[PDB]
């Protein structure tokens, strides 16, 4: 209810998102024989958002994502004045989580952030499945837009109350089940940033893409909902 509480909720939320989703990818996805694969990473990402949106969603709205904050602005749901502090809160929470993750991951012989990719988002030569820039662009635009659309709908005043964290968290699992092979799945500029920093090379070079594409997608989803679906 006071902005210090809200920005703390948002850094904790984005922290948890980065630590849990990227942690699952770095520590467990590829573990020999028993590892969780892409489906387990998708689940982990979506569960970070589900659990935190229930935990701190009644404090801050529970965005944990710059593209979500901006998209909700665009959809007429969030004040332009509050946007920048949220985004900074998210970027900070994210970076702390990646630093801790980097520390933990380093306690294993042979760990190499730069060479492994550190769960970084890339396209072209740095796409996991060798998808071109155009494939990356279209998937991130659609998934960002739909994500915002689901966020708008599930938090609409005519939506039964309480269930939004479930709709929204599971939307993020969905989004990763589809798009990890294309881009390692972003839809979240703060998550891309936290991780790019420690990968240190190409992730930092391509980083601009995973800022503008999700934000543009998020605005589009907000606008479609606001203009086509809301009233009544």
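Numbering follows the first chain given and starts at 1.
Tell me which stretch, 98-106 or 144-152, has the higher mean Cα B-factor listed in the entry. Per the PDB record, 98-106.
200-208 versus 165-173 - greater average Cα B-factor per the deposited record: Taking the mean C-alpha B-factor of 165-173 and of 200-208, the larger value falls to 200-208.
Considering only modelled residues of the same chain, in which third does the CA B-factor of residue 186 rank: lowest, middle or highest? Highest third of the chain for residue 186's C-alpha B-factor.
For the chain shown, is the CA B-factor of residue 224 in the lowest, middle or highest third of its modelled residues? It falls in the top third of the chain.
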